[PDB]
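Given next are the chains, with one letter for each unit.
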Amino acid sequence: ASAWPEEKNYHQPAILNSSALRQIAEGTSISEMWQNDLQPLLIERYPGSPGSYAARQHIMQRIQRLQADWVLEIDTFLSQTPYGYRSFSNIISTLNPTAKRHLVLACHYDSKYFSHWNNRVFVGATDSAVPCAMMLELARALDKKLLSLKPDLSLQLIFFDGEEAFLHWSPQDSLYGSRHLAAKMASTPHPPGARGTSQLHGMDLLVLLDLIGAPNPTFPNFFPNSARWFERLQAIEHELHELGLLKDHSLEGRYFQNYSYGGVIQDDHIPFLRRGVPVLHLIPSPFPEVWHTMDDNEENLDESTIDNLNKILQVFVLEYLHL
Amino acid sequence: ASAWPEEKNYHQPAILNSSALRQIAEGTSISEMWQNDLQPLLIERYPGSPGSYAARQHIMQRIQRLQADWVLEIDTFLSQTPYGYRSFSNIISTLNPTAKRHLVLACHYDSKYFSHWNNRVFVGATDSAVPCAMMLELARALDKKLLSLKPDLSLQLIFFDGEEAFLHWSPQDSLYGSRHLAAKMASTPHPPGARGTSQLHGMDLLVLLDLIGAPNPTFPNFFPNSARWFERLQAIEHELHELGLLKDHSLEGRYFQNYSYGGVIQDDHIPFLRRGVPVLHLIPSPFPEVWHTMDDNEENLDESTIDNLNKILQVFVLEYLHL
Amino acid sequence: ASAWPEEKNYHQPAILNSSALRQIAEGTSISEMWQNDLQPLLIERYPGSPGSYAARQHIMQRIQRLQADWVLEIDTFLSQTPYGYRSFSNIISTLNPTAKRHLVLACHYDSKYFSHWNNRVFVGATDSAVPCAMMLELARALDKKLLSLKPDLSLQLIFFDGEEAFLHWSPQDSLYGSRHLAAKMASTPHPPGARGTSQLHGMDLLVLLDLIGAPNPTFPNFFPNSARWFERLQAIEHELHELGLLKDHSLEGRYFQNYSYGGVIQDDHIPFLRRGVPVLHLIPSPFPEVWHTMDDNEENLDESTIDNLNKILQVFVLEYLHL
Amino acid sequence: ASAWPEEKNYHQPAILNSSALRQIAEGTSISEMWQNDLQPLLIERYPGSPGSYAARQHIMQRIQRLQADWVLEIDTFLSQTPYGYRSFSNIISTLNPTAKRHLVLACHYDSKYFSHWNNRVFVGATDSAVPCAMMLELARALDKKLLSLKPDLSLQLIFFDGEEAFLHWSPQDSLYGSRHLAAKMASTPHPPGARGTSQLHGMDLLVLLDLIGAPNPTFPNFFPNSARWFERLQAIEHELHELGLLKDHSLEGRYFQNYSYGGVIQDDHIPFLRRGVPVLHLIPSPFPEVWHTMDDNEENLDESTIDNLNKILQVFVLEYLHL
Amino acid sequence: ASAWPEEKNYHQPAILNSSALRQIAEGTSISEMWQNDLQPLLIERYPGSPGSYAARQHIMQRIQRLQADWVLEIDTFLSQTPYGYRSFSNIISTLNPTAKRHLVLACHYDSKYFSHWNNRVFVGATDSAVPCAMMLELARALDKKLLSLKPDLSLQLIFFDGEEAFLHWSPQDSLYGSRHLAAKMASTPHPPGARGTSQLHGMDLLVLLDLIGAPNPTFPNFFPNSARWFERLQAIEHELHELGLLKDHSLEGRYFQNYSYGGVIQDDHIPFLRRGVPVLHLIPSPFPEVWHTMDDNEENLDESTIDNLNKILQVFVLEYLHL
Ligand SMILES: O=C1Nc2cccc(O)c2/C1=C/c1ccc2[nH]cnc2c1
Ligand SMILES: O=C1Nc2cccc(O)c2/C1=C/c1ccc2[nH]cnc2c1
Ligand SMILES: O=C1Nc2cccc(O)c2/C1=C/c1ccc2[nH]cnc2c1
Ligand SMILES: O=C1Nc2cccc(O)c2/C1=C/c1ccc2[nH]cnc2c1
Ligand SMILES: O=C1Nc2cccc(O)c2/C1=C/c1ccc2[nH]cnc2c1
Ligand SMILES: [Zn+2]
Ligand SMILES: [Zn+2]
Ligand SMILES: [Zn+2]
């Protein structure tokens, strides 16, 4: 072995000064997101649907148009399901695919499948369209600072397909895209040429976005080995606050509260967690009230909470990457 | 047929009086223990390592020098790993190894393997040198009373090796020591000649110590089939306090708070829980802030708390045995 | 296929008005239940025993004599245990077995096995003799209304056998009755004739009653996919309070409090949960103080709480069933 | 545990006098079985299909009409498959089901699915329509004698559904009818009321036919626990050959040759074999030139082979049973 | 999915004229293969070793210089072993990779590991150097005719890696490279774009050469799904002898001895077998006397057998592609 698989345990962020926090907050627009990034994602988009494709395309078009040098893979692939073999398509977007080490942001871009019911269709605006767009926006806003990557550490985005069960939740039916990738990754050597290290050794932290966009969200600290990064999220919230750069926000309705969580939620982090990647699992607890109902729509999203999280998330990242 | 494997559900402590308690609190010396028992254990001691043999060795010397008739074993064994085959040696000390029934205290004596960082070394002072020292001090301090063991019950210690993961947490990369010993014990008639009962039948209660020594520990009540025993710790802690025999201690920071914990922590109790041994898992929640950092060192141990838990554990254990 | 299996996902209660609720409250008798439904069952009744058969007869008898066209079946089977192959018998009681959708109420009629000790016997009053009697007392109290059934939806009761471990709680030694019937039903097409849908697609909801009986329960909201229905028991609890209809009750000692839970409890629901049946697990957290003690007897049951739960549950059902 | 489930190991044939053998070989018509029991099933019959339902009904026509008190049970059921849950229906015809012990003859009434090709359809003459017809022709030919069952033994036919793969052969995609029924009978006390003796116990021996009906076939001795029962066929072939009653039959081309076999064949006996039911697996070895060909049709059946095997078999049966 | 996946089942060879056989048999030179392909590969080449690279590199150069448009992929991939992780590389030479249906030839190119014994080194000449060679030679011999592929059917060579155990042969420790490719192929839509047909579905038949190059070898016919292609290897054998294009060859020691085998040989075909690929396993039985000995070397190969085979294969292939 070498020892760069351990740099991640000692990596510390480069915190920002008020002046620079001001720039980031100004730097993101929730209304360009609602419109250019998000509103096209609010379609049925279950696996194999024409929405999976148009969403898939959408996602790319919007990255493909930034200036940073995003390398875009489509891991199309086949997996068995209760209704038989079916075709899935993960989207990986990478800066510096040799960037030996990577911080990874991820969501799922699929939407559960439901029959239409009294003319209503499920689009998951929280589950998980807001996370997709949040990621899209982050690329957009950080684009100029992200150019400065031509520590051997860059950023990677993943939009998994196939997160939701088709019929009914169970290990055998769920997490199609991330069960695949987790494993295809553990058996790809990194960097090219390596001999005992995989692409999983270069995932410093997997930051997973799930179920985001409802009001009054509260995220637990799930794992002890990413706690310190959670504590950063706390602090970034507290300070963006104390400087007036959050909207409709108060410390008694914080998002990241130093309460921990008992059990585990299953999600696209599990395939990775179980292989030892450190996961920062930004899923709120309790779930949104509209969870897995046709009311998980745009009408019930909370614009101001998304905007605040964009700013929190964009800071955490630049801080982690020392940009 | 004998039903002695049930005697454990109806087992009651013989609770102690305020003379007795004063006497115990008197005859335990956090400062001897710190010098004589724990300072030797504070070295890189991952399985393999010279540390490991030193510690193994240390542990046995300080037991061998006490008067009661301890019987130490060194189950050394092979088992597969991500880095190929490797060798582990558990330490089992036992009084009265025909004591049909045994109360068992236990911990792990390895230290996790970490490369060296800024010429710093991971030595695991709470994970888990302190528990090991605590156990060794308890045998010391109780020695003259343990002699009494020449209800057919006695005490037994175990110091597991290979609790930690070599690479990354998983069923397959962890608990090498305890997984091994739980099997070998499930398959060993107890008592010699028995036909249907294994040594696990003889394990009353497994008290397992992990992650002790940091300030403001809070120990959940994890299992309903050991919860009256967790009540006794609550009650011991209380009296030793109302009697003024704890140091820097207040009830607003009790250690045993009647709080119930969601999930399961993974640890050396697992192989014995899933086979039906009761466990009193003295691990705190949340873990210590220094967990699995190079800061899990001696400078960050709280003498006073460790000393308080000695008294508590020592009294628990005498009450269990009726000494 | 047809979409009726999704109906459960949109199904609303037919909430009842004050006068209706006054009627229901007056319609159930806790003492009748106690005398004629529950005292028969407080015997040693573990699988095999004379108890098990006496208990089994007793249940059907008491069902048999009602006016609604209940269809009792037995389902004797055989399963391996750590003492060999022993023989079990589940009780099903169905209304309108052609009712494509059923709401299911279920509990467990076996008693854990213990050696007599001090000439006492484990009879499992809360675990789970009381829940059996409540389901009984609901079939009686609601009989006139339940007759109306000659939305395609009716009610099944299930009394499971062999819930408890024979020696030691493990996946292998536990839930004999429910792992049997989960499977049996997942492989019985429903409605007869169908080609893609099982008897489980026609479980709207499984209400599992376990460990009810003791003073001061608190029931957590275990699952998001049944939370709306937990909320309804919150609403029922409230309104029946606001109206005088509960005894020795205060809202600061509510039964159903919006408190979600950490890790999963294992119980007859699991063979169903993981096949996708939404579950409502009316078990308390913390368990009763008498859990698996000989003291789990008649003397330690709060008749007054059980009465209050009888009423809450009886309403919950009429509201589901639109009676 | 009791005796009778061991009788099947001490069981001996009533070897039959030269004369009666004539009556037997005289009372079976090959062309009645060809027109009346066989040509009906020479149709597409994969499961679910119209052919399936037709065949299942044809089979019953014939059994139902014979004088003996055959007890018919369809066993419909559901199971997961490479195209999703699908439904399956075994057939079981039983005499004296109170008869604790049953000699059991079995085969598979489905056809394997193929697209069409050349406007040609796969029908499974060998695999396994002929096995089926043979069992019918058998129950006819012997009905007058079977009638005598009003040792506690009797006979049972079983036609399995869904033995063949939907897609490709795998333990997950095959033997749907036998994996099922094995389990259903493993879990079924026999005789009614029993507490340790399943319905497999009373399976004396399992004669499974398969791919029968091409010319010049070879049946290896497969299992030691039935080689005694194989030797009798070897003996039965001989003596019927020596006595003139075969047709077109060399002894230097016997059907039952001494010649053990190396590996196993996967077939509807596995499930019943893993659980220790004595099997007699009349499948040829090799397989017919036509196997899983469009040509496995009626033109390439040899009337004489089949007629030869109906004689052997029916004598095998009557000897086993003491008629 | 449609039906082209079934074309194989009905695919027929374009048998050859005795004019052509000569034309072909003339066209292979056992001696150039012997100094141009075979000898380079006779080197230590277990996985990870420089000989592994040296051999891999040799394989391609030769295919590179060929006229056809062979498309060599390189499947470097990482897997777990008893010595820990380690890297591995499979070679995939393909033609018309858009050819939906392929015929596939394979062997493994690694060599078992051994210590050095009295100055001897293991180079599995039999195992399986010759096979790498025989396949290369075929690609030569026929290139001009392969050229004609620009039914949608073509050809593919696969040289696996890590076929040989590292230590003690076992499922977990063998076929590293083929287990990895069956899975990667199982999950890769073929053709590009499809929605339920994998790359395995294009494998019409996998021809697997192993342990070839001793004298007088008997290849059994292992599988019924491919016996009709074993018979073609007879027909071709037997006709080339009587035409005299075989050397040192009697028809009293034919290789393809229509003789059936019992059990299954574990080898690289297995992962492909249990996913339903049709396999023609050309591994003699018994294995060479040299097997897994220092003596499995050039000295003990039989130039004449090898050339012979070299001729049957090439014919078989030409007959499969109709060329
Ligand atoms: O999909 C699901 N079906 C369920 C049925 C019963 C209980 C459950 O917890 C679930 C469930 C969980 C879940 C977890 C993360 C998710 N992210 C987006 N949708 C998400 C869903
Ligand atoms: O070793 C570990 N690596 C992890 C990565 C993510 C989450 C985790 O809980 C762990 C973990 C757990 C753990 C549990 C009990 C222990 N006792 C002593 N060390 C202990 C460690
Ligand atoms: O049976 C059990 N033996 C245990 C030993 C240690 C820890 C445990 O949680 C259990 C346990 C659980 C349990 C769960 C649900 C039940 N419902 C009725 N009895 C119940 C018992
Ligand atoms: O169905 C099958 N598809 C295969 C593909 C490759 C190799 C094989 O051995 C098989 C196979 C076996 C088989 C076994 C018993 C049968 N009884 C009736 N049809 C039968 C078929
Ligand atoms: O590797 C092996 N070790 C064994 C030990 C005992 C019995 C066996 O059949 C084997 C064995 C089989 C085998 C199969 C294909 C091979 N190709 C090259 N080596 C090959 C070896
Ligand atoms: Zn640790
Ligand atoms: Zn219980
Ligand atoms: Zn070999």
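Residues numbered from 1 in each chain as written, not as in the entry; some residues may be left out. Chains lettered and ligands numbered in written order. Part of a larger assembly, values for the part shown. Heavy atoms only, no water.

In the PDB header, X-ray crystallography is given as the technique by which the entry was determined, and 2.813 Å as its resolution.

Caption draft 1: Highlighting the interface of chain B and chain A. With 13 residues of chain B in contact, the opposing surface of chain A contributes 13 residues. Between chain B and chain A lies a buried interface of about 920 Å² when both sides are counted; carbon and sulfur atoms form 61% of it. Interface area lost by chain B to chain A is led by B:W117, B:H168 and B:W291, which between them contribute 40%. Run the count over chain B and chain A and you get zero salt bridges. At the junction of chain B and chain A, the tally comes to one residue pair in polar contact. Split by residue class, the side of chain B that touches chain A holds eight nonpolar, five polar and no charged. (Contact = heavy atoms within 4.5 Å. Buried area = accessible area lost by both parts, 1.4 Å probe. Salt bridge = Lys/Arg side-chain N within 4 Å of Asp/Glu carboxyl O. Polar contact = N/O pair within 3.5 Å; in protein donor to acceptor, adjacent residues only side chain to side chain. Nonpolar A, V, L, I, M, F, W, Y, C, P; charged D, E, K, R; others polar.)

Caption draft 2: Region of the structure containing the site of ligand 5. All names here are of chain E. The local shell around ligand 5 consists of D127, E163, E164, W169, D210, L211, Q266, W291 and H292. Between ligand 5 and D127, the relevant distance is 3.2 Å, taken from a nitrogen atom to a side-chain nitrogen or oxygen of the residue. Within the side chain of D210, one N or O atom sits 2.5 Å away from a nitrogen atom of ligand 5. Notes on ligand 5: free accessible area 440 Å², of which the protein chains cover 69%. Partitioning the shell around ligand 5 into residue classes produces three nonpolar, two polar and four charged. (Near = heavy atom within 4 Å. Areas by Shrake-Rupley, 256 points an atom, 1.4 Å probe, with all protein chains shown as cover.)

Caption draft 3: Structural view of the interface of chain C and chain D. Facing 15 residues of chain C, the contacting portion of chain D comprises 17 residues. Of the roughly 1000 Å² buried between chain C and chain D, counting both surfaces, carbon and sulfur atoms make up 56%. At the boundary of chain C with chain D, the tally comes to zero salt bridges. Applying the counting criterion to the chain C and chain D interface returns two residue pairs in polar contact. Counting only elements with at least two residues in the side of chain C that touches chain D, the list comes to strand 1 (70–81), strand 2 (84–95) and helix 7 (176–186) of chain C. In terms of residue class, the side of chain C that touches chain D is made up of five nonpolar, eight polar and two charged. (Helix = DSSP H or I, 4+ residues; strand = E, 2+ residues; numbered from the N terminus.)

Caption draft 4: Seen up close, the coordination of the zinc ion (ligand 7). Residues and elements named next belong to chain C. Only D127 (OD), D127 (OD), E164 (OE), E164 (OE) and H292 (NE2) from the protein reach the zinc ion (ligand 7) as donors, at distances of 2.0 to 2.8 Å. One way to put it: the six donor atoms around the zinc ion (ligand 7) meet at angles of 49 to 140°, and that makes the site irregular. Remark: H292 occurs in the loop between strand 8 (279–282) and helix 10 (303–321) and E164 occurs in the loop between strand 4 (153–160) and helix 7; sequence separation between them is 128 residues. Classification of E164 as buried rests on a relative accessible area of 7%. We classify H292 as partly exposed; its relative accessible area is 21%. (Donors = N, O, S within 2.8 Å, 3.2 Å for Na, K, Ca; no water. Tetrahedral: all angles 85-135°; square planar, octahedral: opposite > 155°, others 65-115°. Buried < 20%, exposed > 50% of the residue type's maximum accessible area, 1.4 Å probe, protein only.)

Caption draft 5: How the structure looks around the relation of the copies chain B and chain A. Mapping chain B onto chain A leaves a residual RMSD of 0.4 Å; the transformation is a rotation of 119° accompanied by 0.3 Å of translation along its axis. Such a combination of rotation and displacement between the chain copies is what one expects of a three-fold axis. (Least-squares fit on C-alpha atoms.)

Caption draft 6: Local environment of the coordination of the zinc ion (ligand 8). The coordination sphere of the zinc ion (ligand 8) contains the protein donors E:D127 (OD), E:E164 (OE) and E:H292 (NE2), at a distance range of 1.7 to 2.2 Å. For the zinc ion (ligand 8), the four donor atoms in the first shell make angles of 102 to 115° at the metal, a pattern classed as tetrahedral.

Caption draft 7: Representation of helix 7 (residues 224–242) of chain D. Residue and element names in this part refer to chain D. The end-to-end C-alpha separation of helix 7 is 27 Å, in line with the 27 Å expected for 19 residues at 1.5 Å each. Every buried residue of helix 7 is listed here: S226, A227, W229, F230, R232, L233, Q234, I236, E237 and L240. Structurally, helix 7 contributes buried residues whose contacts are with helix 1 (18–26), strand 5 (203–209), strand 6 (279–282) and helix 9 (303–321). Positioned one or two residues after helix 7, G244 has a phi angle of 85°, which is positive. (Expected span 1.5 Å × (residues − 1).)

Caption draft 8: Fine view of the site of ligand 4. Lining the immediate surroundings of ligand 4 are 13 residues, of which D:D127, D:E164, D:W169, D:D210 and E:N225 lie closest. Around ligand 4 the close residues trace back to chains D and E. Here a nitrogen atom of ligand 4 and a side-chain polar atom of D:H292 are 3.4 Å apart. In isolation ligand 4 offers 440 Å² of accessible surface; the protein chains occlude 81% of this area. Here the shell around ligand 4 is built from residues that sort into four nonpolar, four polar and five charged.

Caption draft 9: Expanded view of the pattern of salt bridges. All told, the structure shown has 50 salt bridges over all chains when counted by the stated rule. The salt bridge partner of E:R101 is E:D204, with a shortest N-O separation of 2.0 Å. Comparing E:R101 with E:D204 shows no difference in burial state: the two are buried. Three or more residues are tied together by salt bridges with common partners; here these are A:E7, A:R101 and A:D204.

Caption draft 10: Seen up close, the sheet that holds strand 3 (residues 101–108) of chain D. Residues and elements named next belong to chain D. Read across the sheet, six strands follow the order 1-2-4-3-5-6 without closing on themselves; strand pairing throughout is mixed. The open sheet has two free edges, formed respectively by strand 1 (71–79) and strand 6, since each of these has just one partner strand. Within the sheet, the average angular offset between the axes of one strand and its neighbour, ignoring direction, is 20°. Bridge analysis of strand 1 against strand 2 (residues 86–94) gives nine bridges, and the strand direction is antiparallel. Each residue of the ladder has a partner; that of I74, found in strand 2, is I91. Against the sheet, helix 7 makes contact with strand 5 and strand 6, and its axis sits at roughly 45° relative to strand 6, the strand it touches most. (Pairing = 2+ DSSP bridges. Axes fitted to C-alpha atoms, helices over the stretch in contact; angles between N-to-C directions.)

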